[PDB]
Each structure stands twice: as structure tokens, then as C-alpha cells.
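Quick heads-up: it's one chain on its own, the form deposited in one PDB entry, in C-alpha cells.
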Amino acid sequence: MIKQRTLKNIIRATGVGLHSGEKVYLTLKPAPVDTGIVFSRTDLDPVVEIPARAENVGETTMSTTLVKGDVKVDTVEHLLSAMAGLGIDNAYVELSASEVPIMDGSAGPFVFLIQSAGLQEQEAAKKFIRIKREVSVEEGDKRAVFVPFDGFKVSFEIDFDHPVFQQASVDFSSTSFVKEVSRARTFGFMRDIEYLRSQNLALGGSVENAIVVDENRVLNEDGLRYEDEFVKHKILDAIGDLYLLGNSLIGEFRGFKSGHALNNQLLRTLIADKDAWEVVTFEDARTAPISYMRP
């Protein structure tokens, strides 16, 4: 059977908020069966806990933000992506400030820390959300779609009018999340980055945690990790946003110029349309359409 997973040991990391520029201490802890991923602002007294679910999504401009009243947890998507890629169902994520650390801009450092700590299978079946009808949302020239598929695959297509250039498809029957997606970094363009900074955003961004692009080229001295790094990172972002469903997907995602906002609308519409999905478990791992690496 495919079993739920938590962390075997706690993970501690420190780093900086991409947007706030604040220093943040992060802890991932084990959690019980059916907890989900829950973020906790431990700098506050009392502590404010915000389940990583679609209904708690507040701000969707330049990152995915979770909100409960006037308290926020910003930039959850890269860490969530790491957790979906490793099959982590249950975990507490404690943060000493409002924003998850950006690390090197990718999910790589989070996956390494997690896998160094190890995972723990738990004695309860892993629940999956299986797409049974096509669900599509559009706004302007952006589109995001779920399609029935016996496995898990993601496609993204961006239309950037810029010299540095994209589309990519990843099916997890052959693509390795760890080797081919997790290392793809955050990116931004100089004119936007300075707009953002002028609006008190992007305060922690630097070549240390992002691919920085001027009008023509990548300015990072050591260049790119993958030739299609930009689009691979969008796939990473989409994986994190989709994990806000609260369970892993059995289906296909296709994004066409979609960001955090549209991804969140897609999740909302799916949740609402209860004929388009059902919760399934696999009591025999041997016959399941997906598999996970050893814990």
C-alpha cells in the first residue's frame, strides 16, 4: 500500500526572505497522520498556525502567500514543491518571520535537508486526489487546466518576449523531480526587480538566490543549471501551488502563461466541482499508477 509520510527527524535551516529581505529561521517537524502541511509563525505569541490549503491563500502577486486574519506566511511555493516531490504528507513548518527562506532560489537545498534527515512511513494509506473530468480556467491570455491522467504530469508554456529565449513537459514516470526539477532557480528581470524594490518588494533578491536577467542576458557569472531553467522553475512553482490541494494529484496539469493567481483559481474551481475529482488510496503499491523512492 502507499502509506502516508512524515519527516524522520527535524530539519533546521536559516536564510532570507526573497521579498521581505528578513532573516528567518525555519524548522520542519514530524506530524501525525492526516495533519497535512501546517505553517506556524512561532515569532508571534500566541503562535499562529496556517494549514497549507487553497482556502488560506491570500496574496498571489509575486509569490504564494498564506493568510489568517492579519498574519501571513509568504513564499510557500518552493518549500511546498520540495514536499510534493518527496511525497511528504504531514509536517509542521515553523518560521520565525513572515516569509519562508529563499535559500539558493530553488527547491534543491530543501530537498537535500529533507533527504539528509530522512522520511518516515506512517501506518495509514496516502490519500490522492484523482482528476476525473477536465477542469479549465482562463483569464485573458492565461490558461490553467487539469486533465484526467493515470499518473502525474505537468506542462508549462511561457510566452516571454525577451532575447534570453519556452515550454516543457515533465511526467514523473520518467523525469526525476530531484535531478531535473528541484535545482531550477527563481528568476527575474532587472526593470521589474527595480519596480518591485520601489514598491518594497524583492528586498532579499540577489544573484545568490536568483537568476538575474538584464535586457539581453543572464548576469550570474556561473550561468544556468539547465538550458531550460526558467520554464523548469515554473514547473517547480506549479507543483508547489498544486500541493495546496492538501493531497497529491493523480492527473495532468497544463499551464499557459499561468501564475500563482490563476493556479489558485484552478484549485478553487476544482475543489468546487465535485464531479471532477474523488479521493483515492492504493492498498497495493505494486499496482498503483505512481511510485515513490525509499524513505
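The first residue of the shown sequence is 1; numbering continues from there. We call the rigid core the largest set of C-alpha positions that still match within 1.5 Å between the two forms.
A.B. asks: Check the entry and tell me how many residues of the deposited sequence have no coordinates between residue 165 and residue 166: none, 1 to 3, 4 to 9, or 10 or more.
C.D. replies: Per the record, 4 to 9 deposited residues are absent between residue 165 and residue 166.
A.B. asks: Do the CA atoms of 234-242 or those of 254-262 have the higher mean B-factor in the entry?
C.D. replies: Going by the record's values, the stretch with the higher mean is 254-262.
A.B. asks: Mean C-alpha B factor from the entry: is it higher for 151-159 or for 179-187?
C.D. replies: For C-alpha atoms only, the mean B-factor is higher in 151-159.
A.B. asks: Between 145, 114, 131, 170, which carries the biggest CA temperature factor in the record?
C.D. replies: Of 145, 114, 131, 170, 170 has the highest C-alpha B-factor.
A.B. asks: When you compare the CA B-factors of 109, 101, 87, 140 as listed in the entry, which one comes out on top?
C.D. replies: So the option with the highest C-alpha B-factor is 140.
A.B. asks: Please place residue 294 in the lowest, middle or highest third of its chain according to the CA B-factor in the PDB entry.
C.D. replies: It belongs to the highest third of the chain when residues are ordered by C-alpha B-factor.
A.B. asks: Tell me, lowest, middle or highest third: where does the Cα B factor of residue 76 rank within its chain?
C.D. replies: Answer is lowest: the recorded C-alpha B-factor places it there.
A.B. asks: Please rank the C-alpha B-factors of the chain's modelled residues and tell me whether residue 223 sits in the lowest, middle or highest third.
C.D. replies: Tercile = highest for this residue's CA B-factor.
A.B. asks: Thinking about Cα B factors across the chain, which third does residue 33 belong to?
C.D. replies: Middle third, going by the recorded CA B-factors of the chain.
A.B. asks: Quick one: classify residue 83 as lowest, middle or highest third of the chain based on its Cα B-factor.
C.D. replies: For residue 83, whose C-alpha B-factor we compare with every modelled residue in the chain, the answer is the middle third.
Omitted here: the form deposited in another entry. The next part is about that form.
A.B. asks: With the two forms fitted on the rigid core, I'd like to know which residue in 131, 201, 97, 111 is displaced by 2 angstroms or more at its CA between this form and the one not shown.
C.D. replies: Just 201.
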